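my_file-v2.pdb, holding PDB, C-alpha atoms (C1' of nucleotides):
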MODEL        1
ATOM      1  CA  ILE A 251     -60.915 -53.146   3.029  1.00  0.00           C
ATOM      2  CA  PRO A 252     -60.225 -50.533   0.320  1.00  0.00           C
ATOM      3  CA  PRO A 253     -57.544 -48.019   1.308  1.00  0.00           C
ATOM      4  CA  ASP A 254     -59.685 -44.848   1.357  1.00  0.00           C
ATOM      5  CA  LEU A 255     -61.790 -46.249   4.192  1.00  0.00           C
ATOM      6  CA  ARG A 256     -58.589 -46.523   6.277  1.00  0.00           C
ATOM      7  CA  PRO A 257     -56.655 -43.432   5.173  1.00  0.00           C
ATOM      8  CA  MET A 258     -53.398 -41.854   6.314  1.00  0.00           C
ATOM      9  CA  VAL A 259     -53.701 -38.309   7.671  1.00  0.00           C
ATOM     10  CA  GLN A 260     -50.906 -35.820   8.320  1.00  0.00           C
ATOM     11  CA  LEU A 261     -50.833 -33.778  11.525  1.00  0.00           C
ATOM     12  CA  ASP A 262     -49.713 -30.141  11.747  1.00  0.00           C
ATOM     13  CA  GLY A 263     -46.071 -30.788  12.642  1.00  0.00           C
ATOM     14  CA  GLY A 264     -45.510 -33.272   9.827  1.00  0.00           C
ATOM     15  CA  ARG A 265     -46.261 -36.355  11.929  1.00  0.00           C
ATOM     16  CA  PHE A 266     -48.574 -39.097  10.681  1.00  0.00           C
ATOM     17  CA  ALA A 267     -51.733 -40.262  12.459  1.00  0.00           C
ATOM     18  CA  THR A 268     -52.401 -43.709  11.012  1.00  0.00           C
ATOM     19  CA  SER A 269     -55.560 -45.690  11.698  1.00  0.00           C
ATOM     20  CA  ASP A 270     -55.952 -48.682  14.003  1.00  0.00           C
ATOM     21  CA  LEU A 271     -56.838 -51.088  11.181  1.00  0.00           C
ATOM     22  CA  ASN A 272     -53.400 -50.709   9.601  1.00  0.00           C
ATOM     23  CA  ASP A 273     -51.676 -51.994  12.754  1.00  0.00           C
ATOM     24  CA  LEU A 274     -53.922 -55.062  12.937  1.00  0.00           C
ATOM     25  CA  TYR A 275     -53.429 -55.843   9.245  1.00  0.00           C
ATOM     26  CA  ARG A 276     -49.657 -55.428   9.658  1.00  0.00           C
ATOM     27  CA  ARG A 277     -49.601 -57.848  12.593  1.00  0.00           C
ATOM     28  CA  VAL A 278     -51.617 -60.442  10.660  1.00  0.00           C
ATOM     29  CA  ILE A 279     -49.400 -60.186   7.572  1.00  0.00           C
ATOM     30  CA  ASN A 280     -46.146 -60.348   9.552  1.00  0.00           C
ATOM     31  CA  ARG A 281     -47.209 -63.436  11.498  1.00  0.00           C
ATOM     32  CA  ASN A 282     -48.470 -65.135   8.330  1.00  0.00           C
ATOM     33  CA  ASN A 283     -45.190 -64.512   6.494  1.00  0.00           C
ATOM     34  CA  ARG A 284     -43.121 -65.757   9.438  1.00  0.00           C
ATOM     35  CA  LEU A 285     -45.201 -68.941   9.750  1.00  0.00           C
ATOM     36  CA  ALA A 286     -44.911 -69.641   6.019  1.00  0.00           C
ATOM     37  CA  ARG A 287     -41.139 -69.168   6.187  1.00  0.00           C
ATOM     38  CA  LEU A 288     -40.881 -71.579   9.126  1.00  0.00           C
ATOM     39  CA  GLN A 289     -43.010 -74.153   7.304  1.00  0.00           C
ATOM     40  CA  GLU A 290     -40.673 -73.895   4.307  1.00  0.00           C
ATOM     41  CA  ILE A 291     -37.523 -74.811   6.287  1.00  0.00           C
ATOM     42  CA  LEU A 292     -39.214 -77.825   7.956  1.00  0.00           C
ATOM     43  CA  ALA A 293     -38.764 -76.460  11.461  1.00  0.00           C
ATOM     44  CA  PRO A 294     -39.527 -78.503  14.591  1.00  0.00           C
ATOM     45  CA  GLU A 295     -43.264 -78.893  15.077  1.00  0.00           C
ATOM     46  CA  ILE A 296     -43.370 -77.541  18.646  1.00  0.00           C
ATOM     47  CA  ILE A 297     -42.452 -74.075  17.309  1.00  0.00           C
ATOM     48  CA  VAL A 298     -44.806 -74.277  14.310  1.00  0.00           C
ATOM     49  CA  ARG A 299     -47.665 -74.845  16.760  1.00  0.00           C
ATOM     50  CA  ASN A 300     -46.702 -71.698  18.686  1.00  0.00           C
ATOM     51  CA  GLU A 301     -46.712 -69.723  15.441  1.00  0.00           C
ATOM     52  CA  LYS A 302     -50.135 -71.122  14.527  1.00  0.00           C
ATOM     53  CA  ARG A 303     -51.594 -70.177  17.916  1.00  0.00           C
ATOM     54  CA  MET A 304     -50.202 -66.646  17.617  1.00  0.00           C
ATOM     55  CA  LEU A 305     -51.667 -66.299  14.111  1.00  0.00           C
ATOM     56  CA  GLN A 306     -55.073 -67.409  15.403  1.00  0.00           C
ATOM     57  CA  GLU A 307     -54.919 -64.799  18.155  1.00  0.00           C
ATOM     58  CA  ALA A 308     -53.894 -62.095  15.664  1.00  0.00           C
ATOM     59  CA  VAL A 309     -56.765 -62.778  13.259  1.00  0.00           C
ATOM     60  CA  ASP A 310     -59.177 -62.968  16.197  1.00  0.00           C
ATOM     61  CA  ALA A 311     -57.975 -59.561  17.438  1.00  0.00           C
ATOM     62  CA  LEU A 312     -58.446 -58.112  13.949  1.00  0.00           C
ATOM     63  CA  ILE A 313     -62.030 -59.391  13.670  1.00  0.00           C
ATOM     64  CA  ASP A 314     -63.079 -58.448  17.225  1.00  0.00           C
ATOM     65  CA  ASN A 315     -60.794 -57.063  19.933  1.00  0.00           C
ATOM     66  CA  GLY A 316     -61.165 -58.289  23.497  1.00  0.00           C
ATOM     67  CA  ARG A 317     -64.028 -60.730  22.934  1.00  0.00           C
ATOM     68  CA  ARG A 318     -62.339 -64.056  23.751  1.00  0.00           C
ATOM     69  CA  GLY A 319     -58.897 -63.427  25.214  1.00  0.00           C
ATOM     70  CA  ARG A 320     -56.976 -60.283  26.111  1.00  0.00           C
ATOM     71  CA  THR A 321     -57.338 -56.844  24.562  1.00  0.00           C
ATOM     72  CA  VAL A 322     -54.542 -55.658  22.269  1.00  0.00           C
ATOM     73  CA  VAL A 323     -53.261 -52.237  23.347  1.00  0.00           C
ATOM     74  CA  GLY A 324     -51.420 -49.843  21.071  1.00  0.00           C
ATOM     75  CA  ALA A 325     -49.259 -46.798  21.759  1.00  0.00           C
ATOM     76  CA  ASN A 326     -50.861 -45.922  25.093  1.00  0.00           C
ATOM     77  CA  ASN A 327     -52.668 -48.485  27.250  1.00  0.00           C
ATOM     78  CA  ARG A 328     -55.872 -47.814  25.283  1.00  0.00           C
ATOM     79  CA  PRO A 329     -57.408 -50.552  23.119  1.00  0.00           C
ATOM     80  CA  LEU A 330     -57.273 -50.526  19.348  1.00  0.00           C
ATOM     81  CA  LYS A 331     -60.443 -50.169  17.277  1.00  0.00           C
ATOM     82  CA  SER A 332     -61.365 -53.368  15.431  1.00  0.00           C
ATOM     83  CA  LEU A 333     -63.815 -54.041  12.589  1.00  0.00           C
ATOM     84  CA  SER A 334     -66.783 -54.684  14.895  1.00  0.00           C
ATOM     85  CA  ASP A 335     -66.318 -51.410  16.797  1.00  0.00           C
ATOM     86  CA  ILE A 336     -67.039 -49.502  13.575  1.00  0.00           C
ATOM     87  CA  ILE A 337     -70.643 -50.701  13.348  1.00  0.00           C
ATOM     88  CA  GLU A 338     -71.768 -51.736  16.817  1.00  0.00           C
ATOM     89  CA  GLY A 339     -71.794 -48.757  19.173  1.00  0.00           C
ATOM     90  CA  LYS A 340     -73.855 -45.645  19.699  1.00  0.00           C
ATOM     91  CA  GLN A 341     -71.079 -43.771  17.877  1.00  0.00           C
ATOM     92  CA  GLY A 342     -70.983 -46.473  15.200  1.00  0.00           C
ATOM     93  CA  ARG A 343     -71.963 -46.115  11.571  1.00  0.00           C
ATOM     94  CA  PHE A 344     -75.640 -47.050  11.992  1.00  0.00           C
ATOM     95  CA  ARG A 345     -76.658 -44.414  14.547  1.00  0.00           C
ATOM     96  CA  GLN A 346     -74.196 -41.663  13.580  1.00  0.00           C
ATOM     97  CA  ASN A 347     -73.969 -41.648   9.777  1.00  0.00           C
ATOM     98  CA  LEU A 348     -77.119 -43.369   8.467  1.00  0.00           C
ATOM     99  CA  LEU A 349     -79.969 -42.398  10.815  1.00  0.00           C
ATOM    100  CA  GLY A 350     -78.798 -38.771  11.106  1.00  0.00           C
ATOM    101  CA  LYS A 351     -76.320 -36.614   9.179  1.00  0.00           C
ATOM    102  CA  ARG A 352     -74.936 -33.114   8.699  1.00  0.00           C
ATOM    103  CA  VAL A 353     -76.473 -31.017   5.934  1.00  0.00           C
ATOM    104  CA  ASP A 354     -75.822 -27.965   3.754  1.00  0.00           C
ATOM    105  CA  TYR A 355     -77.685 -24.636   3.594  1.00  0.00           C
ATOM    106  CA  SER A 356     -78.055 -24.461   7.365  1.00  0.00           C
ATOM    107  CA  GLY A 357     -77.188 -22.023  10.132  1.00  0.00           C
ATOM    108  CA  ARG A 358     -77.542 -21.344  13.858  1.00  0.00           C
ATOM    109  CA  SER A 359     -77.884 -18.291  16.102  1.00  0.00           C
ATOM    110  CA  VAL A 360     -79.365 -16.839  19.301  1.00  0.00           C
ATOM    111  CA  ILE A 361     -83.060 -15.918  19.506  1.00  0.00           C
ATOM    112  CA  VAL A 362     -84.661 -12.723  20.818  1.00  0.00           C
ATOM    113  CA  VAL A 363     -88.305 -11.709  21.099  1.00  0.00           C
ATOM    114  CA  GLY A 364     -90.049  -9.933  18.278  1.00  0.00           C
ATOM    115  CA  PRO A 365     -93.391  -8.272  18.844  1.00  0.00           C
ATOM    116  CA  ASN A 366     -95.158  -6.579  15.924  1.00  0.00           C
ATOM    117  CA  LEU A 367     -94.507  -9.793  13.984  1.00  0.00           C
ATOM    118  CA  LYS A 368     -97.403 -11.891  12.779  1.00  0.00           C
ATOM    119  CA  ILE A 369     -97.480 -15.596  13.481  1.00  0.00           C
ATOM    120  CA  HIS A 370     -96.032 -17.347  10.370  1.00  0.00           C
ATOM    121  CA  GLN A 371     -93.294 -14.668  10.216  1.00  0.00           C
ATOM    122  CA  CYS A 372     -89.731 -14.657  11.519  1.00  0.00           C
ATOM    123  CA  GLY A 373     -86.812 -12.245  11.498  1.00  0.00           C
ATOM    124  CA  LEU A 374     -83.617 -13.432   9.809  1.00  0.00           C
ATOM    125  CA  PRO A 375     -80.356 -11.450  10.062  1.00  0.00           C
TER     126      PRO A 375
ATOM    127  CA  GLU B   3    -117.106 -21.451   8.998  1.00  0.00           C
ATOM    128  CA  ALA B   4    -119.136 -18.295   9.674  1.00  0.00           C
ATOM    129  CA  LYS B   5    -122.564 -16.994  10.786  1.00  0.00           C
ATOM    130  CA  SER B   6    -122.019 -17.634  14.526  1.00  0.00           C
ATOM    131  CA  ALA B   7    -122.152 -14.313  16.385  1.00  0.00           C
ATOM    132  CA  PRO B   8    -119.972 -14.069  19.513  1.00  0.00           C
ATOM    133  CA  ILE B   9    -121.551 -13.742  22.942  1.00  0.00           C
ATOM    134  CA  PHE B  10    -120.923 -10.581  24.979  1.00  0.00           C
ATOM    135  CA  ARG B  11    -118.807 -11.908  27.860  1.00  0.00           C
ATOM    136  CA  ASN B  12    -119.680  -9.589  30.754  1.00  0.00           C
ATOM    137  CA  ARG B  13    -117.183 -11.034  33.217  1.00  0.00           C
ATOM    138  CA  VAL B  14    -113.515 -11.104  34.202  1.00  0.00           C
ATOM    139  CA  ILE B  15    -111.133 -12.811  31.767  1.00  0.00           C
ATOM    140  CA  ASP B  16    -108.458 -15.133  33.180  1.00  0.00           C
ATOM    141  CA  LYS B  17    -106.477 -17.813  31.327  1.00  0.00           C
ATOM    142  CA  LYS B  18    -109.327 -20.350  31.315  1.00  0.00           C
ATOM    143  CA  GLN B  19    -111.668 -17.925  29.549  1.00  0.00           C
ATOM    144  CA  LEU B  20    -109.010 -17.219  26.916  1.00  0.00           C
ATOM    145  CA  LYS B  21    -108.508 -20.935  26.270  1.00  0.00           C
ATOM    146  CA  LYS B  22    -112.280 -21.402  25.997  1.00  0.00           C
ATOM    147  CA  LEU B  23    -112.567 -18.513  23.527  1.00  0.00           C
ATOM    148  CA  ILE B  24    -109.751 -19.882  21.352  1.00  0.00           C
ATOM    149  CA  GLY B  25    -111.375 -23.319  21.303  1.00  0.00           C
ATOM    150  CA  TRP B  26    -114.765 -21.866  20.370  1.00  0.00           C
ATOM    151  CA  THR B  27    -113.240 -19.813  17.552  1.00  0.00           C
ATOM    152  CA  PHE B  28    -111.455 -22.850  16.118  1.00  0.00           C
ATOM    153  CA  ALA B  29    -114.587 -24.991  16.329  1.00  0.00           C
ATOM    154  CA  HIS B  30    -116.819 -22.444  14.593  1.00  0.00           C
ATOM    155  CA  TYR B  31    -114.681 -20.339  12.223  1.00  0.00           C
ATOM    156  CA  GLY B  32    -111.653 -22.343  11.063  1.00  0.00           C
ATOM    157  CA  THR B  33    -107.889 -22.375  11.396  1.00  0.00           C
ATOM    158  CA  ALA B  34    -107.018 -19.011   9.798  1.00  0.00           C
ATOM    159  CA  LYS B  35    -109.373 -16.875  11.902  1.00  0.00           C
ATOM    160  CA  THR B  36    -108.021 -18.268  15.182  1.00  0.00           C
ATOM    161  CA  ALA B  37    -104.564 -16.907  14.344  1.00  0.00           C
ATOM    162  CA  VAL B  38    -105.998 -13.430  13.700  1.00  0.00           C
ATOM    163  CA  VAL B  39    -108.007 -13.466  16.937  1.00  0.00           C
ATOM    164  CA  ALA B  40    -104.984 -14.611  18.947  1.00  0.00           C
ATOM    165  CA  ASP B  41    -102.796 -11.877  17.439  1.00  0.00           C
ATOM    166  CA  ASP B  42    -105.385  -9.212  18.270  1.00  0.00           C
ATOM    167  CA  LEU B  43    -105.644 -10.440  21.861  1.00  0.00           C
ATOM    168  CA  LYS B  44    -101.847 -10.447  22.178  1.00  0.00           C
ATOM    169  CA  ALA B  45    -101.651  -6.846  20.964  1.00  0.00           C
ATOM    170  CA  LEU B  46    -104.408  -5.699  23.340  1.00  0.00           C
ATOM    171  CA  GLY B  47    -102.850  -7.406  26.362  1.00  0.00           C
ATOM    172  CA  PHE B  48     -99.358  -6.088  25.633  1.00  0.00           C
ATOM    173  CA  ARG B  49    -100.778  -2.580  25.243  1.00  0.00           C
TER     174      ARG B  49
ATOM    175  CA  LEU C   7    -102.143  -9.446  -2.978  1.00  0.00           C
ATOM    176  CA  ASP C   8    -101.538 -10.074   0.724  1.00  0.00           C
ATOM    177  CA  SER C   9    -100.088 -12.940   2.733  1.00  0.00           C
ATOM    178  CA  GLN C  10    -103.310 -13.188   4.752  1.00  0.00           C
ATOM    179  CA  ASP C  11    -105.300 -13.701   1.545  1.00  0.00           C
ATOM    180  CA  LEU C  12    -102.911 -16.490   0.560  1.00  0.00           C
ATOM    181  CA  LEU C  13    -103.358 -18.091   3.987  1.00  0.00           C
ATOM    182  CA  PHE C  14    -107.151 -18.019   3.663  1.00  0.00           C
ATOM    183  CA  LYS C  15    -106.983 -19.395   0.111  1.00  0.00           C
ATOM    184  CA  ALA C  16    -104.710 -22.258   1.177  1.00  0.00           C
ATOM    185  CA  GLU C  17    -107.071 -23.116   4.032  1.00  0.00           C
ATOM    186  CA  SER C  18    -109.995 -23.163   1.591  1.00  0.00           C
ATOM    187  CA  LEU C  19    -108.002 -25.454  -0.712  1.00  0.00           C
ATOM    188  CA  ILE C  20    -107.322 -27.862   2.176  1.00  0.00           C
ATOM    189  CA  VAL C  21    -111.083 -28.203   2.729  1.00  0.00           C
ATOM    190  CA  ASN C  22    -113.067 -29.636  -0.222  1.00  0.00           C
ATOM    191  CA  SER C  23    -110.300 -32.178  -0.622  1.00  0.00           C
ATOM    192  CA  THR C  24    -111.016 -35.459   1.271  1.00  0.00           C
ATOM    193  CA  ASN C  25    -107.241 -35.944   1.720  1.00  0.00           C
ATOM    194  CA  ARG C  26    -104.578 -33.603   3.082  1.00  0.00           C
ATOM    195  CA  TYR C  27    -101.601 -35.342   1.432  1.00  0.00           C
ATOM    196  CA  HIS C  28    -103.194 -35.453  -2.036  1.00  0.00           C
ATOM    197  CA  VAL C  29    -103.613 -31.689  -2.522  1.00  0.00           C
ATOM    198  CA  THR C  30     -99.940 -30.885  -1.905  1.00  0.00           C
ATOM    199  CA  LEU C  31     -98.933 -33.188  -4.765  1.00  0.00           C
ATOM    200  CA  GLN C  32    -101.445 -31.571  -7.128  1.00  0.00           C
ATOM    201  CA  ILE C  33    -100.211 -28.092  -6.190  1.00  0.00           C
ATOM    202  CA  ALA C  34     -96.594 -29.147  -6.762  1.00  0.00           C
ATOM    203  CA  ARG C  35     -97.413 -30.647 -10.168  1.00  0.00           C
ATOM    204  CA  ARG C  36     -99.286 -27.513 -11.241  1.00  0.00           C
ATOM    205  CA  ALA C  37     -96.442 -25.267 -10.054  1.00  0.00           C
ATOM    206  CA  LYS C  38     -93.784 -27.274 -11.895  1.00  0.00           C
ATOM    207  CA  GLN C  39     -95.875 -27.264 -15.073  1.00  0.00           C
ATOM    208  CA  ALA C  40     -96.402 -23.494 -14.877  1.00  0.00           C
ATOM    209  CA  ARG C  41     -92.715 -22.748 -14.329  1.00  0.00           C
ATOM    210  CA  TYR C  42     -91.698 -25.049 -17.185  1.00  0.00           C
ATOM    211  CA  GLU C  43     -94.259 -23.590 -19.604  1.00  0.00           C
ATOM    212  CA  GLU C  44     -92.966 -20.123 -18.702  1.00  0.00           C
ATOM    213  CA  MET C  45     -89.797 -20.955 -20.780  1.00  0.00           C
ATOM    214  CA  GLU C  46     -91.171 -18.802 -23.611  1.00  0.00           C
ATOM    215  CA  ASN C  47     -89.161 -15.572 -23.404  1.00  0.00           C
ATOM    216  CA  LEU C  48     -92.206 -13.386 -22.803  1.00  0.00           C
ATOM    217  CA  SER C  49     -92.102 -13.299 -18.966  1.00  0.00           C
ATOM    218  CA  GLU C  50     -95.841 -13.637 -18.367  1.00  0.00           C
ATOM    219  CA  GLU C  51     -96.321 -12.213 -14.838  1.00  0.00           C
ATOM    220  CA  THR C  52     -92.971 -13.535 -13.659  1.00  0.00           C
ATOM    221  CA  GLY C  53     -93.361 -11.481 -10.477  1.00  0.00           C
ATOM    222  CA  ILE C  54     -95.404 -14.156  -8.706  1.00  0.00           C
ATOM    223  CA  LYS C  55     -93.692 -17.342  -7.567  1.00  0.00           C
ATOM    224  CA  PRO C  56     -94.913 -20.631  -9.100  1.00  0.00           C
ATOM    225  CA  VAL C  57     -96.394 -22.117  -5.909  1.00  0.00           C
ATOM    226  CA  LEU C  58     -98.436 -19.014  -5.074  1.00  0.00           C
ATOM    227  CA  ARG C  59     -99.572 -18.855  -8.707  1.00  0.00           C
ATOM    228  CA  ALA C  60    -100.739 -22.476  -8.546  1.00  0.00           C
ATOM    229  CA  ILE C  61    -102.605 -21.786  -5.295  1.00  0.00           C
ATOM    230  CA  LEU C  62    -104.323 -18.733  -6.801  1.00  0.00           C
ATOM    231  CA  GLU C  63    -105.328 -20.591  -9.971  1.00  0.00           C
ATOM    232  CA  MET C  64    -106.681 -23.618  -8.103  1.00  0.00           C
ATOM    233  CA  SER C  65    -108.628 -21.345  -5.745  1.00  0.00           C
ATOM    234  CA  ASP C  66    -110.136 -19.500  -8.715  1.00  0.00           C
ATOM    235  CA  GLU C  67    -111.138 -22.814 -10.302  1.00  0.00           C
ATOM    236  CA  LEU C  68    -112.961 -23.672  -7.065  1.00  0.00           C
ATOM    237  CA  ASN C  69    -115.588 -21.016  -7.910  1.00  0.00           C
TER     238      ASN C  69
ATOM    239  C1'   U D   1     -57.380 -27.610 -24.045  1.00  0.00           C
ATOM    240  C1'   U D   2     -56.014 -29.072 -18.189  1.00  0.00           C
ATOM    241  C1'   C D   3     -57.101 -27.967 -11.864  1.00  0.00           C
ATOM    242  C1'   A D   4     -56.445 -27.048  -7.764  1.00  0.00           C
ATOM    243  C1'   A D   5     -54.781 -25.893  -3.403  1.00  0.00           C
ATOM    244  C1'   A D   6     -57.276 -26.128   1.577  1.00  0.00           C
ATOM    245  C1'   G D   7     -59.365 -29.820   4.188  1.00  0.00           C
ATOM    246  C1'   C D   8     -58.517 -33.499   7.367  1.00  0.00           C
ATOM    247  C1'   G D   9     -58.612 -38.629  12.737  1.00  0.00           C
ATOM    248  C1'   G D  10     -58.513 -39.933  17.952  1.00  0.00           C
ATOM    249  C1'   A D  11     -58.246 -39.023  23.495  1.00  0.00           C
ATOM    250  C1'   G D  12     -58.978 -36.042  27.864  1.00  0.00           C
ATOM    251  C1'   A D  13     -61.009 -31.570  30.590  1.00  0.00           C
ATOM    252  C1'   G D  14     -64.586 -27.710  31.138  1.00  0.00           C
ATOM    253  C1'   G D  15     -69.027 -24.837  29.744  1.00  0.00           C
ATOM    254  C1'   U D  16     -74.303 -23.004  27.588  1.00  0.00           C
ATOM    255  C1'   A D  17     -79.475 -24.275  26.860  1.00  0.00           C
TER     256        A D  17
ENDMDL
END
Would you mind writing the file out in structure tokens?
Amino acid sequence: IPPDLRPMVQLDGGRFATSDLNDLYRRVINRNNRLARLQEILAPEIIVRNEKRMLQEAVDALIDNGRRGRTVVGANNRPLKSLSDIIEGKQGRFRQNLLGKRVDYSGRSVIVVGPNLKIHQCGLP
Amino acid sequence: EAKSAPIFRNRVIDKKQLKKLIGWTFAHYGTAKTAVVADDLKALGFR
Amino acid sequence: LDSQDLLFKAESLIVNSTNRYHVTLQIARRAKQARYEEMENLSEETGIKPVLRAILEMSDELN
RNA sequence: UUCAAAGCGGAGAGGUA
């Protein structure tokens, strides 16, 4: 995915709050590079198969987390957000950003009663 | 949306009579006279 | 010029129409045309807003 | 001729209508 849809944000104290997609991409790339290196040296096959199984599990966790096997947890014991979690929920893209949005030239305040007004009139501060 | 003279209601006026009067005004006079009649009734009741 | 008179005129425009959604488009077209044709730097009765002017003109045309 | 330095994501708890 393009890098502005998974950006890096800086907290107040100078610490970074990176997304959850960057971790999953990093895991996939690291396992892929390690497996390619092992295949280059002509390693024993019983270890190459372990690497292949781990790579399958990594790509599966990137596509959808906790569907087939075990959920991948991050810093805390909370699950990471995969690609399917972006679109699927009630707080996903469809119901939160496309079927209703925030707008400009808008305000909000408390209401009181106004007599001596005509219907079709309102009082704006 | 005119020409229909109101009847002199010589009786007590609860909520049902007010709803009936508003309906009659809409049916006979239009949608801009009902607002005026409702505003006048609101002023009289508040007073 | 009063707001009540404008309300009555708009109600009269809604009737004699045969379609509620077709009169709003005509009023909008007339208002846009009037505001655009106002570009001549003479300021012909610029006090009135274009939509109210369109409503008044279309009501007058109704005879 | 150039703009420009103030905006950021998530989790938990409570409240008003």
Residues at most 10 Å from stretch 322-324 of chain A, counting only C-alpha atoms (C1' of nucleotides), excluding those fewer than 2 positions away in the same chain, as an NGL selection string? :A and (270 or 273-274 or 308 or 311-312 or 315-316 or 319-320 or 326-332)
What does the file look like for those residues with C-alpha atoms, as a JSON list (two decimals), keeping the file's coordinate frame?
[["chain", "number", "residue", "atom", "x", "y", "z"],
["A", 270, "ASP", "CA", -55.95, -48.68, 14.00],
["A", 273, "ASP", "CA", -51.68, -51.99, 12.75],
["A", 274, "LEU", "CA", -53.92, -55.06, 12.94],
["A", 308, "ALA", "CA", -53.89, -62.10, 15.66],
["A", 311, "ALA", "CA", -57.98, -59.56, 17.44],
["A", 312, "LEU", "CA", -58.45, -58.11, 13.95],
["A", 315, "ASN", "CA", -60.79, -57.06, 19.93],
["A", 316, "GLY", "CA", -61.16, -58.29, 23.50],
["A", 319, "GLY", "CA", -58.90, -63.43, 25.21],
["A", 320, "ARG", "CA", -56.98, -60.28, 26.11],
["A", 326, "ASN", "CA", -50.86, -45.92, 25.09],
["A", 327, "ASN", "CA", -52.67, -48.48, 27.25],
["A", 328, "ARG", "CA", -55.87, -47.81, 25.28],
["A", 329, "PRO", "CA", -57.41, -50.55, 23.12],
["A", 330, "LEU", "CA", -57.27, -50.53, 19.35],
["A", 331, "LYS", "CA", -60.44, -50.17, 17.28],
["A", 332, "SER", "CA", -61.36, -53.37, 15.43]]
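This file, filtered with the PyMOL selection byres ((chain C and resi 50-60) around 9), gives the residues residues 12, 33, 34, 35, 36, 37, 38, 39, 40, 41, 44, 46, 47, 48, 49, 61, 62, 63, 64 and 65 of chain C.
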Selected residues, C-alpha atoms, written as a compact mmCIF listing (two decimals), in the coordinates of the input, please.
# COMPACT_ATOMS: atom_id res chain seq x y z
CA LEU C 12 -102.91 -16.49 0.56
CA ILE C 33 -100.21 -28.09 -6.19
CA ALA C 34 -96.59 -29.15 -6.76
CA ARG C 35 -97.41 -30.65 -10.17
CA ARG C 36 -99.29 -27.51 -11.24
CA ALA C 37 -96.44 -25.27 -10.05
CA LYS C 38 -93.78 -27.27 -11.90
CA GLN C 39 -95.88 -27.26 -15.07
CA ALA C 40 -96.40 -23.49 -14.88
CA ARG C 41 -92.72 -22.75 -14.33
CA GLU C 44 -92.97 -20.12 -18.70
CA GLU C 46 -91.17 -18.80 -23.61
CA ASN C 47 -89.16 -15.57 -23.40
CA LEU C 48 -92.21 -13.39 -22.80
CA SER C 49 -92.10 -13.30 -18.97
CA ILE C 61 -102.60 -21.79 -5.30
CA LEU C 62 -104.32 -18.73 -6.80
CA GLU C 63 -105.33 -20.59 -9.97
CA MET C 64 -106.68 -23.62 -8.10
CA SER C 65 -108.63 -21.34 -5.74
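Between atom CA of residue B:23 and atom CA of residue C:20 the separation is 23.9 Å.
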So that I can check the surroundings of residue D:8, please list as a PDB file with C-alpha atoms (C1' of nucleotides), keeping the file's coordinate frame every protein, DNA and RNA residue that reaches within 12 Å of it, counting all atoms listed in the file and ignoring chain neighbours fewer than 2 positions away.
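Output file part00.pdb follows:
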ATOM      1  CA  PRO A 257     -56.655 -43.432   5.173  1.00  0.00           C
ATOM      2  CA  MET A 258     -53.398 -41.854   6.314  1.00  0.00           C
ATOM      3  CA  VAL A 259     -53.701 -38.309   7.671  1.00  0.00           C
ATOM      4  CA  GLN A 260     -50.906 -35.820   8.320  1.00  0.00           C
ATOM      5  CA  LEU A 261     -50.833 -33.778  11.525  1.00  0.00           C
ATOM      6  CA  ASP A 262     -49.713 -30.141  11.747  1.00  0.00           C
ATOM      7  CA  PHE A 266     -48.574 -39.097  10.681  1.00  0.00           C
ATOM      8  CA  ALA A 267     -51.733 -40.262  12.459  1.00  0.00           C
TER       9      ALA A 267
ATOM     10  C1'   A D   6     -57.276 -26.128   1.577  1.00  0.00           C
TER      11        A D   6
END
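Closest approach to residue B:42 among A:366, A:252, A:351, A:333 is made by A:366 (distances from all atoms listed in the file).
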Where does the PyMOL selection byres ((chain C) within 10 of (chain B)) land in this file, that is, which residues does it pick, as a PDB file with C-alpha atoms, in the frame of the given file?
ATOM      1  CA  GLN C  10    -103.310 -13.188   4.752  1.00  0.00           C
ATOM      2  CA  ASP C  11    -105.300 -13.701   1.545  1.00  0.00           C
ATOM      3  CA  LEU C  13    -103.358 -18.091   3.987  1.00  0.00           C
ATOM      4  CA  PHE C  14    -107.151 -18.019   3.663  1.00  0.00           C
ATOM      5  CA  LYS C  15    -106.983 -19.395   0.111  1.00  0.00           C
ATOM      6  CA  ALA C  16    -104.710 -22.258   1.177  1.00  0.00           C
ATOM      7  CA  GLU C  17    -107.071 -23.116   4.032  1.00  0.00           C
ATOM      8  CA  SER C  18    -109.995 -23.163   1.591  1.00  0.00           C
TER       9      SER C  18
END
Taking a cut-off of 12 Å and counting all atoms listed in the file, can you build a table that, for each residue of chain B near chain A, reports the nearest atom pair and how far apart they are in Å (one decimal), sorted by chain then residue number, as JSON lines?
{"residue": "B:34", "atom": "CA", "partner": "A:369", "partner_atom": "CA", "distance": 10.8}
{"residue": "B:36", "atom": "CA", "partner": "A:369", "partner_atom": "CA", "distance": 11.0}
{"residue": "B:37", "atom": "CA", "partner": "A:369", "partner_atom": "CA", "distance": 7.3}
{"residue": "B:38", "atom": "CA", "partner": "A:368", "partner_atom": "CA", "distance": 8.8}
{"residue": "B:39", "atom": "CA", "partner": "A:369", "partner_atom": "CA", "distance": 11.3}
{"residue": "B:40", "atom": "CA", "partner": "A:369", "partner_atom": "CA", "distance": 9.3}
{"residue": "B:41", "atom": "CA", "partner": "A:368", "partner_atom": "CA", "distance": 7.1}
{"residue": "B:42", "atom": "CA", "partner": "A:368", "partner_atom": "CA", "distance": 10.1}
{"residue": "B:44", "atom": "CA", "partner": "A:365", "partner_atom": "CA", "distance": 9.3}
{"residue": "B:45", "atom": "CA", "partner": "A:366", "partner_atom": "CA", "distance": 8.2}
{"residue": "B:46", "atom": "CA", "partner": "A:366", "partner_atom": "CA", "distance": 11.9}
{"residue": "B:48", "atom": "CA", "partner": "A:365", "partner_atom": "CA", "distance": 9.3}
{"residue": "B:49", "atom": "CA", "partner": "A:365", "partner_atom": "CA", "distance": 11.3}
Compile the residues of chain D that lie within 12 Å of chain A, evaluated using only C-alpha atoms (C1' of nucleotides), and express the compilation as a PyMOL selection string. chain D and resi 7-11+16-17
